[PDB]
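Take a look at this single chain in structure tokens; it is the form deposited in one PDB entry.
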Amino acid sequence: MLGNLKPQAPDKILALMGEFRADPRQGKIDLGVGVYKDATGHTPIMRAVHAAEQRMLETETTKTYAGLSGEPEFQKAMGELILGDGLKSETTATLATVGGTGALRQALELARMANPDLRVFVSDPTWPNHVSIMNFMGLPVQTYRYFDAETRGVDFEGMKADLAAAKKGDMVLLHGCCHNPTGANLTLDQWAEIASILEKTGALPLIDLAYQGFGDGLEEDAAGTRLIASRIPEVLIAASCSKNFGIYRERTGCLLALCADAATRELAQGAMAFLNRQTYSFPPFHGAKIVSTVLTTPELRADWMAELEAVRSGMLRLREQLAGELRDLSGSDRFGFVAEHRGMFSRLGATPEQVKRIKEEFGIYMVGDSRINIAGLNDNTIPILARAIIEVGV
């Protein structure tokens, strides 16, 4: 029977890593990495996190089944970290998921459960996993203009025009901050306008928030999300803890469902818990317990925020440098967007041909769409990348 299985395409990350590994070039560089890497090229375990695991090891007396939709401490701490004082517990449903991806999958299952004729609107471009899951679910997908290949910024007028075609009950997927893969983001004023279009169309916003604390700051990065929450009656937020906590493999995230009434909330929580139940019963405990420990323990929380800010500040300075080196070599602004972008990713606007030429002539590797990971740059690699970008004629 299993022989009738259709061949499924690999993870691709492997192919990139295999091509790169095969490269005999002593000076090859890898900007395709999708995780944070420090100056030495490592993805360290944050101090606060290692401190939480030591504490957990000393306090946990059992490992019996716990909360089906997560532990109260985690749900509460997450909603506060995301919505801040605006957290309206009375109308908020929460679900511990298996990473932000689990949160996205559940959110989609929830919405479709409420509206079978659900349509999803995704940005152009967006994280490929978005489309993958949606295709796998057989949901209709529409695209809305977003990245401007010429300016490397947001084509807002285009986005508005396309979003204007959403109907009541449709879903609009928005990256809360640090757009992956582009790095081009919305201003708080652009968020206000998007909010108006959403109220007008009656479309349901789904926010993919996986990089809170990597853009302009913990609070600053949630500004757009908070604006949507306060003006839109129903909002779905899929949050991740893999990156801003550095616990990728622990698989920790959560689905937040903001509802109009308390009755509607009771409904949503019941459907979410039911969803977890029908997929894998209980969500993973370890990673979520680390997070709630860091956030509830003053000492740890303070250390986490400090370490996270150090990371953010570092990448931002890497942006300033690359843009400066590019300013000098080009003798023009052109590449100024590099310093204007936020997140650990940036789309250079290079064509596939140029990307291939950069790799062959300079040994630098990046995703085929010209996406580079800022964290992979340093005092030694920046001059090389700059020269390569200019040399290939981007």
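In this text, the rigid core denotes the largest set of C-alpha atoms whose superposition between the two forms falls within 1.5 Å. We number the residues from 1 along the sequence you see.
If you look for the form deposited in another entry, you will not find it shown, but the lines that follow are about it.
A.B. asks: With the two forms aligned on their rigid core, point out which item of 60, 340, 360, 38 shifts its C-alpha by 2 Å or more between the shown form and the other one.
C.D. replies: Flagged residue: 360.
A.B. asks: At a 2 Å cut-off on C-alpha positions, does residue 379 qualify as shifted between the shown form and the other one after fitting the rigid core?
C.D. replies: No, the C-alpha position differs by under 2 Å between the shown form and the other one.
A.B. asks: In that other deposited form, do the Cα atoms of residue 361 and residue 151 sit closer or farther apart than here, given a shift of 3 Å or more?
C.D. replies: Relative to the shown form, the pair is farther apart.
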